[PDB]
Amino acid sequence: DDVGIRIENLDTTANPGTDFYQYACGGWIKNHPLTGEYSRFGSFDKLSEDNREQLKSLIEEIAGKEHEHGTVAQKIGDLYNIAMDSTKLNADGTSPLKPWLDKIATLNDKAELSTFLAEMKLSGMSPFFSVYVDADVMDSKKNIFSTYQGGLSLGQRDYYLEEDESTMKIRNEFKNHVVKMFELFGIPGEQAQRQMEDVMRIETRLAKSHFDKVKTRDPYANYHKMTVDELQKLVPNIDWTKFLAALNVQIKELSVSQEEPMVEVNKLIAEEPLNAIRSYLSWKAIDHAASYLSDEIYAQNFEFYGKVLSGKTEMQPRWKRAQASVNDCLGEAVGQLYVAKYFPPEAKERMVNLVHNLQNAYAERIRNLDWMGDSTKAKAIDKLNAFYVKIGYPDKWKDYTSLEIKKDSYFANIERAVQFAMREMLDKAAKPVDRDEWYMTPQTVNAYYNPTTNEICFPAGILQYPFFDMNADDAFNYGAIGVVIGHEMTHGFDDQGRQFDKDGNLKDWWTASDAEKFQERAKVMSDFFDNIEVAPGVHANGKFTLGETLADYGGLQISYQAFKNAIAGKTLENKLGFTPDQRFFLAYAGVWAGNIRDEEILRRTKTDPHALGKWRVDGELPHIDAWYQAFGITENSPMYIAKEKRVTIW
């Protein structure tokens, strides 16, 4: 297989035992100058850019030909092309929303809102409040239906309430925007004024009852478990039995994440006349549809949300917005065709085998730890073997048969796609948590171990050069993606992972001895990084970055051990003059190749819990015995530290 590493990345005037990062990556630095718009640019950023061009080219290629009706290619291509057919969008005008606006006008009984609000939810609107289904934070093996404060067009309560002149301007821009939009939908000016006032009055009352975003982030405090009939007593002006039946949700209990905003919804429904409620629901429909109709309507939408609210100066071209629609609403379907082009089953199979080899090597190292007692070692190995390994793309793909894409209107297709997604989410309320369902799409360039689910997810999007190259040999791939995955693996077992059992439920399974001895070993690493000068007269924060430096250490030892196991009994061949062991460490360094501005070095030192790319290499390898052997590092090397001073935590 290919060597994977590239001479253009090296700076071979550097001494490996003096600045290994410079040796392995100095050429990359020289060949990738910062453009001006970025403070940091590394090989992760280069991959993210490469990946967005892959999706653009993929979707255009799919859309350039006709496909068999009902295939994911036909759904992708047709949705893209109907999003792009601006002559039809402009000829159709607002007519695709007429069924919704007519339906809202027939509301004649506040009791009908119970079913109607659920119907709007299924089409992707959230008047008054939001609902969602996800793993119960008190019982990770079960799902729970939750309500959440919502109903605001501006999203944040402060826009409706702060009296400074800057926020007042935003409010008055919103008022003008709502009137202009109603008028674009054929509402006469006098009625558009009156309906805008209804919208502002209602959303301002909702906003007053909301909590700040700071207070809503804790899912354990933003949790109120109760029966359906108890919610029926808390918010009597919605028939929750009908609301839930219209959502096809069959449950006995649910969570009201914030009760006060829900009580305010109850009061709003009681106190506002039905015609003002119709104004608000009509606005929710228009505001949701505003991106999917004519250019005039999109332009007005952008004038407010883009120019006023976001400080943007120019709208994105239609093709970029059409690609976002396809990627955001047919994400996993795009994933199927993405991996068919870029990440074949043999690549998935190689990576799944690699992850299993890392698991086996990690289990071997856990047995030899000198800070973990025997009972804790057994619990750790059992938790590790119970990892949910989600690599490349799903074993269980979403079934898209019930999602129909056809040439009626852009808006009608978006609506069917949202209905499909909402149905799939709400169906989970009745079922136990299914950890084979992917929350990320295959084309995403992100990866993590999740402590609350005990799953490790590495999508095809990140499994590309310089992390993983199907064409490269094991030295390259273990040194690069292998270390990255092993690093994530240690988060099931470190100071964070020890708070969760193998089901993702809260349980502290370390003994007091485990905790004391772990900190004893960890202090070796934090002291070491404390003494690194990341800039003249500026030291690293060894305690703040400890979670990440211990994990890189672990990933290095885990992947190197798995690598030596995988190549056991095979012929070593040097490539580019490097032994396989040397290539392992050169590939590792390349994962962290990067260019960073001087001021960006200072700020990341203040704020970033990850060590800088350079010290993720130069501060980690002096703790790895195998690196000394691979590059002949001796007592006379500036990076050398004595065996008895090296970290031993994994």
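The numbering used is simple: start at 1 and walk along the sequence shown.
Comparing 472-480 with 530-538, the stretch with the higher mean C-alpha B-factor in the PDB entry is 530-538. Stretches 203-211 and 246-254 differ in mean C-alpha B factor, with the higher average recorded for 246-254. The entry assigns its greatest Cα B factor, within the set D287, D198, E119, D136, to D136.
The entry assigns its greatest Cα B factor, within the set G504, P127, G306, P261, to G504.
Ranked against the other modelled residues of its chain, the C-alpha B-factor of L58 as given in the entry falls in the middle third. In this PDB entry, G497 carries a Cα temperature factor that places it within the middle third of its chain's modelled residues. Annotation for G373: C-alpha temperature factor in the highest third relative to the rest of the modelled chain, per the entry. When the CA B factors of the chain's modelled residues are split into thirds, the value for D45 lands in the highest one.
The PDB entry assigns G189 a C-alpha temperature factor belonging to the middle third of its chain's modelled residues.
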